[PDB]
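Before any questions on binding or motion, here is one chain by itself as structure tokens, the form deposited in one PDB entry.
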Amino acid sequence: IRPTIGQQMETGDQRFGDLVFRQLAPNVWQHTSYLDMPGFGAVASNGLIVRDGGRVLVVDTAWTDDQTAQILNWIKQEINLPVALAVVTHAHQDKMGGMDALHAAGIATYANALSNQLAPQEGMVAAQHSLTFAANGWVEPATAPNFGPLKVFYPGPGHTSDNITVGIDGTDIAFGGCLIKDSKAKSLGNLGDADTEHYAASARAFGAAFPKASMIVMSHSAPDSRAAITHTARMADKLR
């Protein structure tokens, strides 16, 4: 409802069960789910839903299996196309807590190989398939077959060592997950698993990988301008 961390609801948001959905482009929506921590309040987390070529592609789970099943039910009601695959952007609960729900639904799942290696240690179910990356950060194409417009980029260690990012070709949208914070953020969030030496370069690498995108989507704020990238990088410069 009214998160302690994460954006508030605004015009253009559709409530569906315990989740919120917002259309960002003709074929792209943002999903938002909430983890209610007793004595603290709710923490919102955002991911994406993309319609491409008669199928739906999901970026990130919700915090829980039940919330992720609700995402799939929203897709069934609003889009009514098969969900071909999901990409999850690192091995933490806000991005991978709902993997079992995707697997039960027959959806193929993909994550950075390192995310799958870390997953059990982080309390997560690993994805079924591992993405690997060139030294320049771009996904190795044979590991990401039939990805439609999704352009998957590993920017380097930052929020975690395994964090990946996703652009949507043909749109104005790029997704930074938990790496990118908004242009008005006062902190970089949870740095407990973070690489404070390399964070700034990784944020800048994300910006340079998706130079055209004007709508920067992220895990814990509303979509922002490219100022979110510059601000995240400058905040991260202070950690070195």
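Residues that one form lacks are left out of the comparison. Throughout, rigid core stands for the largest set of C-alpha atoms superposing within 1.5 Å between the two forms. Don't overthink the numbering: it's just position in the shown sequence, from 1.
Beyond the structure shown, there is the form deposited in another entry, which is absent from this document and is the topic of what follows.
The rigid-core alignment places the CA of residue 25 less than 2 Å apart between this form and the one not shown. In the core-superposed comparison between this form and the one not shown, the C-alpha atom of residue 227 has shifted by less than 2 angstroms. Note: the CA-CA distance for residue 14 and residue 8 contracts in the other entry relative to this form, by 3 angstroms or more. Between residue 226 and residue 8, the C-alpha separation grows by 3 Å or more in the other entry, relative to the conformation displayed. Taking residues common to both forms and aligning the rigid core, Cα displacements of 2 Å or more over three or more consecutive positions between this form and the one not shown occur in 1 to 11, 121 to 123.
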